[PDB]
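# Structural characterization, general
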Amino acid sequence: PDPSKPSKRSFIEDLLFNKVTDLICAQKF
Amino acid sequence: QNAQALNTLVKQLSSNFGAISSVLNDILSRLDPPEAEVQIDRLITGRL
Amino acid sequence: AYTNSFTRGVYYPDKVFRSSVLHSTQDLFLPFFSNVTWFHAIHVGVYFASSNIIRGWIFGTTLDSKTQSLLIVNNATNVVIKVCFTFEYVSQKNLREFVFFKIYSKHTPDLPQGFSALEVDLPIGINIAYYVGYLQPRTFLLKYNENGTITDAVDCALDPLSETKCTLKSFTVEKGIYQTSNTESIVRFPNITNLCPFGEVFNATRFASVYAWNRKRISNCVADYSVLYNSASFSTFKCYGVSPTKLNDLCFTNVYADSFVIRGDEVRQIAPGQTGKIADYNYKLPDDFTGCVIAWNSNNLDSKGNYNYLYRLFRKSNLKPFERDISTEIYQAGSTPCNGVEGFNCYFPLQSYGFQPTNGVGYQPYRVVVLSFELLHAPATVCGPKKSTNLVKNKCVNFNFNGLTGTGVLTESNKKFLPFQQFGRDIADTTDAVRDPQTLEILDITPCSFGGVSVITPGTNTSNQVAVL
Amino acid sequence: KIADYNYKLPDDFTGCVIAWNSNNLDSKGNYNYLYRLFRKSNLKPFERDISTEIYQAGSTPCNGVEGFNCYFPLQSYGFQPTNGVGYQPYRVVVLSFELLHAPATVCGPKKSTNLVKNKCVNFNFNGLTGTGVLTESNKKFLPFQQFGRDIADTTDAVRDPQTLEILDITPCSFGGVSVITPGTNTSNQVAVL
Amino acid sequence: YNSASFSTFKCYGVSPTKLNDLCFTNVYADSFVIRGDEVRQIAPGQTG
Ligand SMILES: CC1=C(/C=C/C(C)=C/C=C/C(C)=C/C(=O)O)C(C)(C)CCC1
Ligand SMILES: *[C@@H]1O[C@H](CO)[C@@H](O)[C@H](O)[C@H]1NC(C)=O
Ligand SMILES: *[C@@H]1O[C@H](CO)[C@@H](O)[C@H](O)[C@H]1NC(C)=O
Ligand SMILES: *[C@@H]1O[C@H](CO)[C@@H](O)[C@H](O)[C@H]1NC(C)=O
Ligand SMILES: *[C@@H]1O[C@H](CO)[C@@H](O)[C@H](O)[C@H]1NC(C)=O
Ligand SMILES: *[C@@H]1O[C@H](CO)[C@@H](O)[C@H](O)[C@H]1NC(C)=O
Ligand SMILES: *[C@@H]1O[C@H](CO)[C@@H](O)[C@H](O)[C@H]1NC(C)=O
Ligand SMILES: *[C@@H]1O[C@H](CO)[C@@H](O)[C@H](O)[C@H]1NC(C)=O
Ligand SMILES: *[C@@H]1O[C@H](CO)[C@@H](O)[C@H](O)[C@H]1NC(C)=O
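Residues numbered from 1 in each chain as written, not as in the entry; some residues may be left out. Chains lettered and ligands numbered in written order. Part of a larger assembly, values for the part shown. Heavy atoms only, no water. Residues with missing side-chain atoms left out of burial classes, pairs and counts.

### Thoughts on the site of ligand 5
Residues and elements named next belong to chain C. As a matter of local geometry, ligand 5 sits amid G199, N203 and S231. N203 has a polar side-chain atom sitting 2.4 Å from an oxygen atom of ligand 5. Isolated, ligand 5 exposes 360 Å² of accessible area, and the fraction of that covered by the protein chains is 40%. (Near = heavy atom within 4 Å. Polar contact = N/O pair within 3.5 Å; in protein donor to acceptor, adjacent residues only side chain to side chain. Areas by Shrake-Rupley, 256 points an atom, 1.4 Å probe, with all protein chains shown as cover.)

And the structure:
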């Protein structure tokens, strides 16, 4: 984990979050 | 997969399962309880 | 003089025995933790519980002897029940309960924690120390003992612990979280002010023959059919799309009025899926029919004999639904093409009715009018008598927009409808945006139940304190 | 005008309806019969209403005047021996009741046999049928209490409608057979379990 | 239906419209004369 970023996410854990990706309201109703 | 199965669970509220219609309020506002019930029951057995 | 109810209440509901079962019964009981009105003042579903000075009690809708009154009085071991100071019922500190036409029984000896258990059905047929009480519909889970005595029961709306106990059908809930589950009226009908030609389509001096049955559209009418059963006596009325009782609550997109005169022994043939020289060669009703059928005797007027009525009798092909056919090419039952000759195996298509005042019932003319229509489609013209209230503008309502019912909050809309466009259906084919039938504006419907409660609790043994989520 | 202003039958009805012609007796014309015709509210199930406050179809409160847009509620039948079938009086009697609840008074003609006291029987206690062995009971009923229903809401203990005693029902099918067998090719001998 | 006028006709196994499309293995013709207020009793499961 890096000190610069506010969270303790490492330089490879973030490459995974930004790679894995109304109706949901209708399901809620 | 878990967002495709749950979308079918919502798509399947548009099927009337052989009843008069697929909107419960329609059936309730077109039929008296003696005949409304025998249609609601083929809805309640279709969604369950 | 309010006082807090402690543990009293629950009564043996029904006549069926149960032992060592945690049965749940949905009936009206006495609430726990409720307000009894203790009355000691000596110097007008309901409940009741009380030297035996008070005997009886009186009720009615207005109590002015214009309508039905009701007097019930008790005695040492006797009662008298009448409609007066049309039914003459006569029979044979301390809490002798006179528990509530549904009265109860079984009295038994502020209030401590004892948990007693209470229990003739008196017909009326009409409209309607010293302690008191009341009953409202609130579920109760009774704990039948090993001998049939109600030893424990739980209110089912009192505390969050009570709801969790109902959910688990148990008296002991363990540590954890449990996922228990979690207005006015608007009527809007279109701006139609005029009635429909009741006295033009039902009492016309002459109706058309069957084979050339007339047809008439009706539009922009508020049809109050109550004004109709004062004059005529209808011998048949069977609606085939909608239950007859609700005929004054909807709106009918298009309506037609087919009229003709068949014999008495044929009126049964006007129905989806039957055969006969009326359902094959004159007038066929479609299988997916929606409409009502009306028929009454008319021998008073359509009789002399009366030979002004015809019916098609010979044809090689059955009619399709709603298929008028008028022609005079005589029928060819044989081989040669008879050119007008009503000779061998070739006859005229049309024949007549010998209607006569002497004809037996079944040979008498029967006027028939069928009214086909279609329900809850978008544009509606003819509607029911009922009035219209005003919009509530963002409060939860059981609206009745133009026939269809529905619950929800009626917020303002911005849906860019076509000027042609009326109803918005959602992904699940459930309506959510509507056009006001009077202001021609757009409203949005938001159903509101807002579920998802949970009951954080330590072990009910450990304590009672619970936290809702 | 019979199912709205005179006599409404409930939707969850249970009963029988009887009606026959009566033109032989209830005819002269006979004007001794009335029916309510004008009202602003439909009746609820089984709701007798007798009153003579004339109906107000308009604006003014007509105080007895059978004038404009305000008429009398009740009208009469012009029953006549000359009336065509359909205008003839029809006596009607409906018989409402309720089935297989605990206390029963009116029953059918059929007779009664004697108890068998612990043999399997197709009993017919007070309407309800049922199979089983009728053993003796010790169920401490209330003197008010008649029928014992089980956890699965199936009756098991009954009160005799004549001796006022208590009987217990034990259904008997006693299942669970099994057939130990070597290969039918190998032999035929088999053993039951 | 050129000569007589039938006051009741209710088929109980087959829909009336299709009566000219099938073949009927054995057929019987029971005939009798009852009063008018009894013709309803000729139906499966009634008393009188
Ligand atoms: C085809 C056929 C049958 C019915 C035919 C009948 C008896 C005709 C009824 C005509 C009506 C019903 C006309 C009317 O109402 O005027 C059945 C299957 C019974 C057996 C014999 C062959
Ligand atoms: C009951 O009486 C008390 C007064 O003791 C009062 O505060 C309360 O509002 C009343 N109603 C209920 C539902 O408790
Ligand atoms: C109550 O009973 C007593 C005798 O038991 C009798 O004298 C009295 O008239 C009764 N009161 C009634 C019937 O109102
Ligand atoms: C049930 O009855 C037995 C027999 O008298 C008695 O010993 C027992 O205490 C009773 N229990 C209850 C809960 O009534
Ligand atoms: C139809 O005309 C007859 C004859 O005048 C009349 O008695 C009846 O009230 C009329 N029907 C209506 C609905 O006006
Ligand atoms: C409908 O009638 C109401 C009351 O008479 C009126 O306020 C409204 O403007 C009318 N709407 C239309 C479209 O005529
Ligand atoms: C119930 O609680 C008491 C005191 O809080 C404790 O002594 C007892 O062991 C507990 N029993 C169970 C089954 O939780
Ligand atoms: C019922 O009738 C039988 C035969 O007459 C008789 O033996 C029995 O005692 C009667 N029971 C009652 C409760 O009257
Ligand atoms: C059947 O049994 C015979 C003699 O017991 C044996 O020779 C044969 O192999 C068996 N075959 C099978 C298929 O079991």
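### Comments concerning the site of ligand 1
Around ligand 1, the neighbouring residues are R268 and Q269 of chain C together with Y1, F6, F9, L19 and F24 of chain E. The local environment of ligand 1 is shared, drawing residues from chains C and E. In this structure, an oxygen atom belonging to ligand 1 sits 2.8 Å away from a side-chain N or O atom of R268 of chain C. A distance of 3.4 Å separates an oxygen atom of ligand 1 from a polar side-chain atom of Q269 of chain C. Look at ligand 1: alone it shows 570 Å² of surface, and the protein chains cover 60% of it. A per-class count over the shell around ligand 1 returns five nonpolar, one polar and one charged. (Nonpolar A, V, L, I, M, F, W, Y, C, P; charged D, E, K, R; others polar.)

### Quick look at the interface of chain D and chain C
Each side of the interface is counted separately: chain D has 27 residues, and chain C has 18 residues. When the area that chain D buries against chain C is broken down by residue, the three leading residues are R48, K140 and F144 of chain D, summing to 21%. In this structure, the connection of chain D to chain C is made through zero salt bridges. Where chain D touches chain C, the interface holds five residue pairs in polar contact. Taken together, the residues of the side of chain D that touches chain C break down into 12 nonpolar, five polar and 10 charged. Sheet analysis places strand β2 (residues 16-17) of chain C next to strand β9 (residues 147-149) of chain D, joined by two bridges and oriented parallel. Paired with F17 of chain C across the bridge in β9 of chain D is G148 of chain D. (Contact = heavy atoms within 4.5 Å. Buried area = accessible area lost by both parts, 1.4 Å probe. Salt bridge = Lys/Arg side-chain N within 4 Å of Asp/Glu carboxyl O. Pairing = 2+ DSSP bridges. Helix = DSSP H or I, 4+ residues; strand = E, 2+ residues; numbered from the N terminus.)

### Description of the packing of aromatic side chains
For any pair of aromatic rings, the description consists of the separation of the ring centres together with the inter-plane angle of the planes. Inspection of every chain in the model, using the stated rule, returns 37 aromatic pairs over all chains. With a centroid separation of 6.1 Å and an interplanar angle of 50 degrees, the aromatic rings of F38 of chain D and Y55 of chain D are classed as tilted. Of the two residues, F38 of chain D sits in the loop between β2 (34-36) and β3 (55-56) while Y55 of chain D sits in strand β3, which places them 17 residues apart along the sequence. Through pairs of rings, three or more aromatic residues link up here, namely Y11, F29, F32, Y104 and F140 of chain C. Seen from the ring of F207 of chain C, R367 of chain C lies directly overhead, with NZ or CZ sitting 4.9 Å from the centre. (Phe/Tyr/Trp six-rings, centres within 6.5 Å; stacked < 30°, edge-to-face > 60°. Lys NZ or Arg CZ within 6 Å of the ring centre and 35° of its normal.)

### Concerning helix α1 (residues 160-168) of chain C
All names here are of chain C. Turning to α1, its buried residues number three or more, namely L161, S162, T164, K165 and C166. Elements in contact with the buried residues of α1: β14 (150-155), β15 (176-178) and β32 (455-457). The first or second residue beyond α1 is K169, which carries a positive phi of 50 degrees. (Buried < 20%, exposed > 50% of the residue type's maximum accessible area, 1.4 Å probe, protein only.)

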